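K.L.:
Here it is, the structure, as structure tokens.
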């Protein structure tokens, strides 16, 4: 599975995944239990994924692996690209506070949305709120 809707029901290693890139405490002020429909839409080599999280309601579209200096929710960036692998996104990276690997995946495999963002050996996931 993978298209449709998806969210971020829960969040493990999520706060510290954000933090490390430059995400200060302002997020601590209602910015963890929140966030939401990452949502996914399958396109011709792209995925207009939503991500109308608890803040910057919008959707993000990328022809599997495009480059955009988009700071992972207030940090500093996440250019490089992202992509999946049939059965699993990747988020990819090399934002700019450094040379990380957030790798905001989601993978998605049976009961899931393994957001699996492993910028440094932590990975932040829990899974969707699917919609």
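In PDB author numbering, the protein residues as written are 1 to 131. Cβ atoms here follow ideal geometry from the backbone N, Cα and C, with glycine treated the same way.
#1: Starting from residue 124, follow its DSSP beta bridges and name the residues at the other end.
#2: DSSP beta-bridge partners for residue 111?
#3: Starting from residue 106, follow its DSSP beta bridges and name the residues at the other end.
#4: Would you call the CB atoms of residue 12 and residue 126 closer than 7 Å?
#5: Using the Cβ count rule (16 or more neighbours within 10 Å means buried), how would you classify residue 48?
#6: When DSSP labels each residue in this structure, what does residue 25 get in the three-state scheme?
#7: Count the other CB atoms within 10 Å of the CB of residue 137; is the residue buried (16 or more) or exposed (fewer)?
#8: Taking just the CA atoms, how far does residue 5 sit from residue 97?
#9: Once the 5 residues before and after residue 122 are set aside, which same chain residues still bring their CB inside 7 Å of it?
#10: If distances are taken between C-alpha atoms only, which option among 26, 131, 2 and 90 comes closest to residue 74?
#11: What span of residues does the alpha helix (DSSP H) with residue 138 cover, start to end?
P.N.:
Quick answer:
#1: Answer is 117.
#2: Paired residues: none, contrary to the question.
#3: 114
#4: Yes, the Cβ-Cβ distance between residue 12 and residue 126 is below 7 Å.
#5: exposed
#6: helix
#7: Nothing about residue 137 can be reported from this structure: the residues present for the chain run from 1 to 131 only.
#8: Distance from the CA of residue 97 to the CA of residue 5, rounded to the nearest whole angstrom, comes to 30 Å.
#9: 13, 16 and 17
#10: Of 26, 131, 2 and 90, the residue nearest in Cα terms is 26.
#11: Within the shown structure, residues of the chain are numbered from 1 to 131, placing residue 138 beyond reach of any answer.
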